Amino acid sequence: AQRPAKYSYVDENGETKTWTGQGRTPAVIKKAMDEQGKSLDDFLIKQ
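Residue 94 in UniProt numbering sits at position 4 of the sequence shown, and the numbers go up by one each step.
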């Protein structure tokens, strides 16, 4: 608990849908790969 699941991303809404729960793959990762990793580190918000 009290730890990041794996990563996060936005798509349907401006809010983070999150990878776990019901994100998995293939999903938003398609667009990320299409734009050539436009959110590699940005997935987990801003460092």
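Heads up, the beta-carbon is just placed ideally off N, CA and C, and yes, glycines get one too.
- Exclusion of the five residues before and after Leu134 leaves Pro94, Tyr97, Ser98 as the residues of its chain whose Cβ lies within less than 7 Å of its Cβ.
- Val100 is bridged by DSSP to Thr106.
- In the structure shown, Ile135 falls within a coil segment according to DSSP collapsed to helix, strand and coil.
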